[PDB]
Amino acid sequence: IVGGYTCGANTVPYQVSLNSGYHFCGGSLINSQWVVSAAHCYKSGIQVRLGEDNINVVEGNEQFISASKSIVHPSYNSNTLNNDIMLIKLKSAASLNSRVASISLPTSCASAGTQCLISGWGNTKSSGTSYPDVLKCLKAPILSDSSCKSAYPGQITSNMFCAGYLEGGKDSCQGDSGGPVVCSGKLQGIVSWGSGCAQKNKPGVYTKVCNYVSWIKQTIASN
Ligand SMILES: NC(=[NH2+])c1ccc2[nH]c(-c3cccc(-c4ccccc4)c3[O-])nc2c1
Ligand SMILES: [Ca+2]
Ligand SMILES: [Cl-]
C-alpha cells in the first residue's frame, strides 16, 4: 500500500496473508472455512494466516491453517486478468472472534464515489521495494467507468473497476494482490492489477465481486 497508514493490530479482522514460506498475496475470510483471493495468486503449498498484524513475529491471535483446495474461476484469463478471483477452502475451520471475523459479500454493486478501505502487506514505495511488517490501510474511492476506461483503454472488462487517486501518491501495490476492497462493510473488490504503483493517471484495478456472488455461493455449496 503506497501512501496509506498503519491499520492498527487486528482492525481488519477478515484480512488473511497467503503464505508459502513468505507472504505472497492477501485474501479475505468470507466464512469460517473459505477465503476469497485473486486467481493470479494461485500456487500449491498455501498456508492461510489469519489474525495477523506483524507477519514476521508471532504476537498472539494468529491461526495458521493449510488450504485444502483452491478453486480458480474456470474462465480466468491470465493475459487480461479477466475473472481474477479464487476461492480457497481451509483444511479446518477458523475460530472466529473479534480479531478473526468474516466480511459479507455484497447484495448490489457499489457506485462511483463510494469510499472503500484497501489493506495489505504489499510494497509501500512506487519507485523501489519496501515491504512492511504490519498491515497497511488506504481509504480510496471507486472511480467512474469512464475515467477507468479512459486510463486503461481496451483493458477494462465489466468485471473490473478502478479505485484510487489520479493525482498519484496512494495505491495498492505488489504484495497486495488478492486482498480486500471493503465498502460499507461489504467486500466489493479484490486487489488485481495496475501500471506501477501510485503513478499519476494509472489507478488500481480491482475485481468486481458483485458480479460473482452467485458463483461464489454455488461453488461453496457444492464443495
Ligand atoms: N498498482 C496496483 N494497484 C497494483 C495492485 C496489485 C498488484 N499486484 C501486483 C503484482 C506485481 C507482480 C507480481 C504479482 C504477482 C504475480 C503472481 C502471484 C502473486 C503476485 C502481483 O500481484 N502489482 C500490483 C499492482
Ligand atoms: Ca504475526
Ligand atoms: Cl474501451
# chains A, B, ... in the order shown; residues from 1 in each chain; ligands from 1
call {"tool": "residues_around", "arguments": {"residues": "segment 56-69 of chain A", "least_positions_apart": "5", "cutoff": "6 Å", "atoms": "only C-alpha atoms", "output": "list in words"}}
result
residues 46, 47, 48, 49, 50, 51, 88, 89, 90 and 91 of chain A
call {"tool": "select_by_dssp", "arguments": {"residues": "segment 1-215 of chain A", "states": "strand (DSSP E or B)", "output": "ChimeraX atom specification"}}
result
/A:2,5-6,15-19,23-31,34-37,47-50,63-72,86-90,104,115-120,136-142,160-163,171,180-183,186-193,204-208
call {"tool": "residues_around", "arguments": {"residues": "residue 85 of chain A", "least_positions_apart": "4", "cutoff": "6 Å", "atoms": "only C-alpha atoms", "output": "PyMOL selection string"}}
result
chain A and resi 37-39
call {"tool": "write_last_selection", "arguments": {"atoms": "N, CA and C atoms", "output": "mmCIF file, in the first residue's frame"}}
result
data_model
loop_
_atom_site.group_PDB
_atom_site.id
_atom_site.type_symbol
_atom_site.label_atom_id
_atom_site.label_comp_id
_atom_site.auth_asym_id
_atom_site.auth_seq_id
_atom_site.Cartn_x
_atom_site.Cartn_y
_atom_site.Cartn_z
ATOM 1 N N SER A 37 -9.631 -14.743 -2.852
ATOM 2 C CA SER A 37 -8.373 -14.069 -3.223
ATOM 3 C C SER A 37 -8.401 -13.912 -4.740
ATOM 4 N N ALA A 38 -7.273 -13.558 -5.291
ATOM 5 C CA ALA A 38 -7.188 -13.368 -6.760
ATOM 6 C C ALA A 38 -6.683 -14.644 -7.404
ATOM 7 N N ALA A 39 -7.186 -14.938 -8.554
ATOM 8 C CA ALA A 39 -6.764 -16.163 -9.287
ATOM 9 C C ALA A 39 -5.286 -16.150 -9.637
#
call {"tool": "residues_near_ligand", "arguments": {"ligand": "ligand 3", "cutoff": "8 Å", "atoms": "only C-alpha atoms and all ligand atoms", "output": "list in words"}}
result
residues 149, 150, 152, 153, 154, 155 and 156 of chain A
call {"tool": "residues_around", "arguments": {"residues": "segment 95-102 of chain A", "least_positions_apart": "4", "cutoff": "12 Å", "atoms": "only C-alpha atoms", "output": "NGL selection string"}}
result
:A and (8-16 or 27-36 or 49-53 or 60-65 or 90 or 180 or 182 or 185-187)
call {"tool": "closest_residue", "arguments": {"among": "A:134, A:71, A:87, A:77", "to": "ligand 2", "atoms": "only C-alpha atoms and all ligand atoms"}}
result
A:134
call {"tool": "closest_atom_pairs", "arguments": {"of": "chain A", "to": "ligand 1", "cutoff": "10 Å", "atoms": "only C-alpha atoms and all ligand atoms", "output": "JSON lines"}}
result
{"residue": "A:1", "atom": "CA", "partner": "ligand 1", "partner_atom_place_in_ligand_line": "3 (N)", "distance": 8.4}
{"residue": "A:2", "atom": "CA", "partner": "ligand 1", "partner_atom_place_in_ligand_line": "1 (N)", "distance": 9.1}
{"residue": "A:18", "atom": "CA", "partner": "ligand 1", "partner_atom_place_in_ligand_line": "19 (C)", "distance": 9.7}
{"residue": "A:23", "atom": "CA", "partner": "ligand 1", "partner_atom_place_in_ligand_line": "19 (C)", "distance": 9.6}
{"residue": "A:24", "atom": "CA", "partner": "ligand 1", "partner_atom_place_in_ligand_line": "19 (C)", "distance": 5.8}
{"residue": "A:25", "atom": "CA", "partner": "ligand 1", "partner_atom_place_in_ligand_line": "19 (C)", "distance": 5.9}
{"residue": "A:26", "atom": "CA", "partner": "ligand 1", "partner_atom_place_in_ligand_line": "19 (C)", "distance": 9.3}
{"residue": "A:38", "atom": "CA", "partner": "ligand 1", "partner_atom_place_in_ligand_line": "19 (C)", "distance": 8.5}
{"residue": "A:39", "atom": "CA", "partner": "ligand 1", "partner_atom_place_in_ligand_line": "18 (C)", "distance": 8.5}
{"residue": "A:40", "atom": "CA", "partner": "ligand 1", "partner_atom_place_in_ligand_line": "18 (C)", "distance": 5.3}
{"residue": "A:41", "atom": "CA", "partner": "ligand 1", "partner_atom_place_in_ligand_line": "18 (C)", "distance": 4.1}
{"residue": "A:42", "atom": "CA", "partner": "ligand 1", "partner_atom_place_in_ligand_line": "18 (C)", "distance": 6.7}
{"residue": "A:43", "atom": "CA", "partner": "ligand 1", "partner_atom_place_in_ligand_line": "18 (C)", "distance": 7.9}
{"residue": "A:120", "atom": "CA", "partner": "ligand 1", "partner_atom_place_in_ligand_line": "6 (C)", "distance": 9.8}
{"residue": "A:122", "atom": "CA", "partner": "ligand 1", "partner_atom_place_in_ligand_line": "6 (C)", "distance": 8.2}
{"residue": "A:123", "atom": "CA", "partner": "ligand 1", "partner_atom_place_in_ligand_line": "24 (C)", "distance": 9.1}
{"residue": "A:126", "atom": "CA", "partner": "ligand 1", "partner_atom_place_in_ligand_line": "1 (N)", "distance": 8.6}
{"residue": "A:162", "atom": "CA", "partner": "ligand 1", "partner_atom_place_in_ligand_line": "3 (N)", "distance": 8.9}
{"residue": "A:163", "atom": "CA", "partner": "ligand 1", "partner_atom_place_in_ligand_line": "3 (N)", "distance": 8.6}
{"residue": "A:164", "atom": "CA", "partner": "ligand 1", "partner_atom_place_in_ligand_line": "3 (N)", "distance": 8.2}
{"residue": "A:170", "atom": "CA", "partner": "ligand 1", "partner_atom_place_in_ligand_line": "3 (N)", "distance": 9.2}
{"residue": "A:171", "atom": "CA", "partner": "ligand 1", "partner_atom_place_in_ligand_line": "3 (N)", "distance": 5.4}
{"residue": "A:172", "atom": "CA", "partner": "ligand 1", "partner_atom_place_in_ligand_line": "3 (N)", "distance": 4.3}
{"residue": "A:173", "atom": "CA", "partner": "ligand 1", "partner_atom_place_in_ligand_line": "4 (C)", "distance": 3.9}
{"residue": "A:174", "atom": "CA", "partner": "ligand 1", "partner_atom_place_in_ligand_line": "9 (C)", "distance": 3.6}
{"residue": "A:175", "atom": "CA", "partner": "ligand 1", "partner_atom_place_in_ligand_line": "8 (N)", "distance": 5.9}
{"residue": "A:176", "atom": "CA", "partner": "ligand 1", "partner_atom_place_in_ligand_line": "6 (C)", "distance": 5.2}
{"residue": "A:177", "atom": "CA", "partner": "ligand 1", "partner_atom_place_in_ligand_line": "6 (C)", "distance": 4.3}
{"residue": "A:178", "atom": "CA", "partner": "ligand 1", "partner_atom_place_in_ligand_line": "22 (O)", "distance": 7.5}
{"residue": "A:179", "atom": "CA", "partner": "ligand 1", "partner_atom_place_in_ligand_line": "6 (C)", "distance": 8.7}
{"residue": "A:190", "atom": "CA", "partner": "ligand 1", "partner_atom_place_in_ligand_line": "6 (C)", "distance": 9.1}
{"residue": "A:191", "atom": "CA", "partner": "ligand 1", "partner_atom_place_in_ligand_line": "6 (C)", "distance": 5.3}
{"residue": "A:192", "atom": "CA", "partner": "ligand 1", "partner_atom_place_in_ligand_line": "6 (C)", "distance": 5.1}
{"residue": "A:193", "atom": "CA", "partner": "ligand 1", "partner_atom_place_in_ligand_line": "5 (C)", "distance": 4.4}
{"residue": "A:194", "atom": "CA", "partner": "ligand 1", "partner_atom_place_in_ligand_line": "1 (N)", "distance": 3.7}
{"residue": "A:195", "atom": "CA", "partner": "ligand 1", "partner_atom_place_in_ligand_line": "1 (N)", "distance": 5.5}
{"residue": "A:196", "atom": "CA", "partner": "ligand 1", "partner_atom_place_in_ligand_line": "1 (N)", "distance": 5.1}
{"residue": "A:197", "atom": "CA", "partner": "ligand 1", "partner_atom_place_in_ligand_line": "1 (N)", "distance": 3.9}
{"residue": "A:198", "atom": "CA", "partner": "ligand 1", "partner_atom_place_in_ligand_line": "1 (N)", "distance": 6.3}
{"residue": "A:199", "atom": "CA", "partner": "ligand 1", "partner_atom_place_in_ligand_line": "1 (N)", "distance": 8.0}
{"residue": "A:202", "atom": "CA", "partner": "ligand 1", "partner_atom_place_in_ligand_line": "1 (N)", "distance": 7.8}
{"residue": "A:203", "atom": "CA", "partner": "ligand 1", "partner_atom_place_in_ligand_line": "3 (N)", "distance": 6.4}
{"residue": "A:204", "atom": "CA", "partner": "ligand 1", "partner_atom_place_in_ligand_line": "3 (N)", "distance": 3.5}
{"residue": "A:205", "atom": "CA", "partner": "ligand 1", "partner_atom_place_in_ligand_line": "3 (N)", "distance": 6.1}
{"residue": "A:206", "atom": "CA", "partner": "ligand 1", "partner_atom_place_in_ligand_line": "3 (N)", "distance": 7.9}
